[PDB]
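Q: from the sequence below, what's the structure:
(chains A, B, C and D, ligands or ions: 4)
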Number of protein chains: 4
Amino acid sequence: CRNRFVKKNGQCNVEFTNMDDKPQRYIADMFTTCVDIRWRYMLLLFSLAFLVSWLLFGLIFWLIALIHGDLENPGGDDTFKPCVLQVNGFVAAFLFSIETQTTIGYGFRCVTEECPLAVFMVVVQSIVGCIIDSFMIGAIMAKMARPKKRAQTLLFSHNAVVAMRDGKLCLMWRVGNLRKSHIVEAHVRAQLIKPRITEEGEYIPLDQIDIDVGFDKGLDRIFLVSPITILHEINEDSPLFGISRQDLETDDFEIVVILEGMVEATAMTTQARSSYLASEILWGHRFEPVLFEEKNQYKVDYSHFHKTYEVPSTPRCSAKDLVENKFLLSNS
Amino acid sequence: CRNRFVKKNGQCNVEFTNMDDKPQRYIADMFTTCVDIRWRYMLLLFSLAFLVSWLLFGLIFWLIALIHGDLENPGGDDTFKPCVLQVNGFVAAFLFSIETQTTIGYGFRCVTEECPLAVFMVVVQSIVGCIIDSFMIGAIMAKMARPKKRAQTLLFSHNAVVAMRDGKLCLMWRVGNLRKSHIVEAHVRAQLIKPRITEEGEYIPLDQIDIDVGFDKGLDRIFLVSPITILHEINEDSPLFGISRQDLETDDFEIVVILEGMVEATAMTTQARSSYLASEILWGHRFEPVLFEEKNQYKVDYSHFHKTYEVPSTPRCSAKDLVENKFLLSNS
Amino acid sequence: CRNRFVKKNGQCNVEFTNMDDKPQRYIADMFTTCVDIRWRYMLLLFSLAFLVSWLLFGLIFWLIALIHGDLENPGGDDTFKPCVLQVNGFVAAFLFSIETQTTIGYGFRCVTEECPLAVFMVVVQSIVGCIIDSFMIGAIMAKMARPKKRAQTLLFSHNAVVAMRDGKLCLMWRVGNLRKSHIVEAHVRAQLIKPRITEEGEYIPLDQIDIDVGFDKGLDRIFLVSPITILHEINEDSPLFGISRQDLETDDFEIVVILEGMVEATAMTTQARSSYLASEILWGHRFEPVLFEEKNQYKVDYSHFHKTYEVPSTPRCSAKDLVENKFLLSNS
Amino acid sequence: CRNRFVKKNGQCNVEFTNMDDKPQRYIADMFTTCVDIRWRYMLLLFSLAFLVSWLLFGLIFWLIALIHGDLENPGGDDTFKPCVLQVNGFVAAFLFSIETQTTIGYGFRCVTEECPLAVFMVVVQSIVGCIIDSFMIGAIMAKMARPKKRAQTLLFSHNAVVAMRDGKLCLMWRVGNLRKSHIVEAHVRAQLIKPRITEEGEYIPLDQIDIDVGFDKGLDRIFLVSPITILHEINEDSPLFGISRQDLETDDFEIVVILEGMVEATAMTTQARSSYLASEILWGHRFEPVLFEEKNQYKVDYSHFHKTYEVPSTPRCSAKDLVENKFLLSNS
Ligand SMILES: [K+]
Ligand SMILES: [K+]
Ligand SMILES: [K+]
Ligand SMILES: [K+]
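A: Numbering: from 1, shown residues only, chains lettered A, B, ... in the order given. Ligands and ions are numbered 1, 2, ... in the order given. Now the structure:
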């Protein structure tokens, strides 16, 4: 009866455990994780970094002010010039650190030509400042631009159907584009998922078996404007070959459907997924047409996308029987 | 007689309606939309964000100035130090907010060490400032760099022709590069569009049928320097197999041509398209050569690109007849 | 005798003329051109933009200062507050414009709360400022990162050779990686270039004919660490099938070799090219091995890369003859 | 006995020498190198650039201050206005240079309307400033984002095994994903590495021979969630065809395994590698299942990933013998 390996939203149902090296391997790939975490976390993270550099330098400057004796003479006089003007304490040293690294530079607190170490520190802090910004930009740039978001404007039919097209019995499901932007170099893939035991007695917890959508003839490549109906012809080499309408309400297995393509604007490949259980496949049905001609253009009614209608003319046996039977009649 | 599913510019003629979830699905993919809108909109949008953060913080600062009693003593004295110097009112609080977030920091209005909340607010606003900038950069970066713009320096012939090459009857159309930059890993695809009814009585509003350009042999991949003429050999497995010159002025259908490749500079796939109606296909014609040798290099005259000439030697029947007839003569 | 369509550096020898729409099509694709121009031009271009916005706003501010009467009272007094402090003339108005847009904000020239138009202008200029920066970043980012630069660390043999390998006569040329960085998902392509006339009497100025490197079997995909020798087996379906050693010093044609792959760091496809004329192909030679085992690793001597040695055992006739002859001996 | 061409981490064991043009070819591709060097080097490099521009301009400003006579009158008076206020010497000129290029602009040192050359210099320095930043961003952006880092969250089995599946003798190794992020458009490749001599007596130091993973049928493409076991069927066309269990402890050769795919977030192809020596291949073993059903989802125990168990039922001869023998029994 259960269960489902890929959910309908495409989300995969599985978890990794006892991975061992996970910590040290994630440090090297660390950038990859950083961009998948919630915004608030990536942000708080960066503000944490800012805050830390501001405090660090602030301390240096305050230390410098303390030792130089600026805390007691922040503004100096004819006989005395402070390292950095107007640093009277911690908060003052803090403010100056921020003003410097942010490049606001109000100027009320200001470096003088006196201390080479203060000057140096400012130099270092400036450079540092650029570095952190650069990381933030890249991170934000990257995360903002993730192509997996496009998979949410792509659509699969809630069900898959089996039915005759041009003398052949075919498993079909539908796909559609919810944006007027194109999916470039798009193509599809399908797989039958279920556990099995090889004739040698080897148990495969879940075997993934290719469902042929026409890859060989280059037919898995699609041009997607209006919703396309995807066809798997069930034949000798099909994993569904010996399955009939009654085997559908009995058998336990899963079909996984994939759509890969490039977001038109960024040319970044996105991968959309969904799944049909044997109990989500409608035998003897056909998809309702979503496309019609309004005279000087075409329109797509998306409310008909998921809808199917009964075709009582449809055979209830397997392709296998269907074929075999043909060769009794034709054989006699 | 009508109509056309893809226009000649490649623009697709169709519209989506009754999409349902459109709003909630567009929010998750929201970045994808943001980059396709007109510049002025993306910009005004960002300036809207800036303006909003400036006003927001300005209010905070003004509120802080008001309560602290700075509005009445903006410059302070020996006994009194304001939260932020020189904020006498709304506009002053506004100016300071901008100066801070932009990092101009003229310094006439300046934070003091007095209020931790003012200090904090400045901290927050600074961080915020970086965040908005980062988004703007990414957005601008992205939109500026869109690869679909390259499709406008790529070219299709205004017409397609049918004619004999090396003993075979072929549908041909032409493609060309208008930049001296290359289209990397380029390849082509073709499809016949028209409504049809399966032998089972199923209506397909528009069926998309592959036109073989040599995909199987890897011949759909092209190296495009000078204009290339693309050939579809019309044979047993061709959708045009049973079509003759007279069927061209009668029949209603459409041929869709695609060119996919990578912009040399960004290596981002662009997809160019165009279309030929049965009435835009010239039977019995041939393309005028645009390439000639000037002795130590080659030149392309692009004014000859679209031009075709009559070949009266050309057969007016279908490949089907042509073949079948060959097997009467050779059969007798 | 001449000439060469692709030079040895990969540079293509051809020019486009009479393109017509070139100007209006380049405006839409305008970004693509901007990144291919020399640095100095892209830079001067941007500094031109900066300079133009600084001058524009400077004028506005100066106009505002003039009308308000600030030019005569730049510092104001108890009874008079200028729009922007310390603007006494053109250069002053200019300096302030720059200080504002650059966010330096020394603060000597500073906006006051008086003029909403000055304030507004500052607002506008700030926003504008960000916009130009963003473009510069993207442009610089893009151009700096162009993948076509990697093609200069990729290498082709100065000559191609023909010779026997495992009982088959093969055209071979060599390729090599000059960086320890990998070329990801790399593959090769070859083509024979030369003008020809179809049996129908149609002249093709230059026909491009695929040279099979094993694409069908997936053998055109290579893993390139040490230099690889690329093999074209000359057989029935080869365009070189009927060519012998003597036809090489006579015939005029060209072979074009391509290597496509992804720069490991940016995963951006680069395309490297080179060319062999019939007179650059060495019949009866073999490449000198550049790889040898030094015991706990391997080394590549690149000075042997281009070198070839004579194999007098090599047949001087065409594959065609070679085959045909085999079937006399075996036929008698 | 030795040695290994690709290490187990994927690192390649080889070195390039006598490359000749290496310096001039690396200058054109210079960006590619810059991003592979250690952070500290790329950073120090950039800080070097900053420091150099600060010093350069500082000198100009100091020169200008010197000649104008500002060094003796940094603050000016009613009758005298300095080029740049408050530059009394070298360090002062330095500080101002930094303040300007960084856009901090404290304002204590400030340009006046007096010198057009000082003004000009500031203009130039500002523009320059933007330029360097832009490069730093791009560099940091790029390097931070390198897709080769993802290959460290991808996994190969420590050993490869040979064993029967569904009546066929197969070489198998395992692959797994250590992140819950997907590897998009992933596919695999395998190759047998070893030196050989063609029947013509030509020595190939290392020949790379394709191991068929199902490329022809499109089966080399995988959907990787849980660890997949990769199968090479050993048959007539297999390079391992004539190899038996005893040939494994004798022969010296290497098998190289590759996994190519796209980092889900950036859609940038990464290439992962590893290697199995004839002595790292376990004949007669089978992989321990890492996947099991916990009722409403699936889990992967990664500690079982590398583990194999003995299958005494396994034949010790080559596929060749195995086949040939079948045709004695069936032949008699
Ligand atoms: K500033
Ligand atoms: K200032
Ligand atoms: K600033
Ligand atoms: K400032």
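Q: list the buried residues of stretch A:57-75.
A: A:57, A:58, A:60, A:61, A:62, A:64, A:65, A:68, A:70, A:71, A:74 (16 or more other Cβ atoms under 10 Å in any protein chain shown). Every residue, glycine included, has its C-beta placed from N, CA and C.
Q: could you do stretch A:110-118 as well?
A: Buried residues in stretch A:110-118, defined by neighbour count with 16+ other Cβ under 10 Å: A:110, A:111, A:112, A:113, A:114, A:115, A:118.
Q: and for stretch A:227-241?
A: Of the residues in stretch A:227-241, those buried (16+ other Cβ under 10 Å) are A:227, A:228, A:229, A:230, A:231, A:232, A:233, A:234, A:238, A:239, A:240, A:241.
Q: go on, stretch A:284-294?
A: Buried residues in stretch A:284-294, defined by neighbour count with 16+ other Cβ under 10 Å: A:284, A:285, A:286, A:287, A:289, A:290, A:291.
Q: what count of nearby residues applies to residue A:21?
A: 12 (other Cβ atoms under 10 Å in any protein chain shown).
Q: how far away is it from chain B?
A: 33 Å (Cβ to the nearest Cβ, to the nearest Å).
Q: quick one: residues contacting that residue.
A: Taking Cβ atoms under 8 Å, 6 or more residues apart in numbering or on different chains as the contact definition, residue A:21 lies against nothing.
Q: what's the separation between it and chain C?
A: For residue A:21, the distance to chain C - Cβ to the nearest Cβ - is 23 Å.
Q: on that earlier part again, which one of the buried residues of stretch A:110-118 sits closest to ligand 3?
A: Using Cβ to the ion, residue A:110 is the member of those that lies nearest ligand 3, at 14.6 Å.
Q: is it true that that closest one touches residue D:105?
A: No. The criterion here is Cβ atoms under 8 Å, and residue A:110 misses it with residue D:105 at 10.4 Å.
Q: quick check on residue A:40: phi, psi?
A: Dihedral pair for residue A:40: phi -40, psi -40, per degrees, to the nearest 10.
Q: and it, how many neighbours?
A: Residues near residue A:40, counting by other Cβ under 10 Å: 8.
Q: which of the buried residues of stretch A:227-241 fall in helices?
A: Secondary structure from DSSP state H places none of the buried residues of stretch A:227-241 in helices.
Q: return the residues of chain A in contact with ligand 3.
A: Within chain A, the positions adjacent to ligand 3 are residue A:103 by Cβ under 5 Å from the ion.
Q: do a quick rundown of the helices in chain A.
A: According to DSSP H, the helices that chain A contains are A:22-28, A:30-34, A:39-68, A:90-102, A:116-144, A:245-248, A:319-329.
Q: who wins for proximity to residue D:153 among these?
A: Comparison of those against residue D:153 by Cβ to Cβ identifies helix A:22-28 as nearest, at 5.7 Å.
Q: residues of that closest one that come out buried?
A: A:25, A:26.
Q: and that helix with chain D, contact?
A: Yes. Remark: helix A:22-28 sits within contact range of chain D at A:22, A:25, A:26, A:28, by Cβ under 8 Å from any Cβ of the partner chain.
Q: nearest residue to the last one other than its sequence neighbours?
A: Excluding its sequence neighbours, the residue lying closest to residue A:28 (Cβ to Cβ, 6 or more residues apart in numbering or on different chains) is residue D:152, at 4.5 Å.
Q: please report how far the one you found lies from residue D:259.
A: Distance of residue D:152 to residue D:259, given as Cβ to Cβ, to the nearest Å: 12 Å.
Q: give me the more crowded residue out of the two.
A: Neighbours per residue (other Cβ under 10 Å) separate residue D:152 from residue D:259, with residue D:259 holding more: 26 against 21.
Q: beta partners of the residue lying closest to residue A:173 once chain neighbours are set aside?
A: The spatial neighbour of residue A:173 that comes closest, neighbours along the chain excluded (Cβ to Cβ, 6+ apart), is residue A:160 at 3.9 Å. Using DSSP bridges, the bridge partners assigned to residue A:160 are residue A:281.
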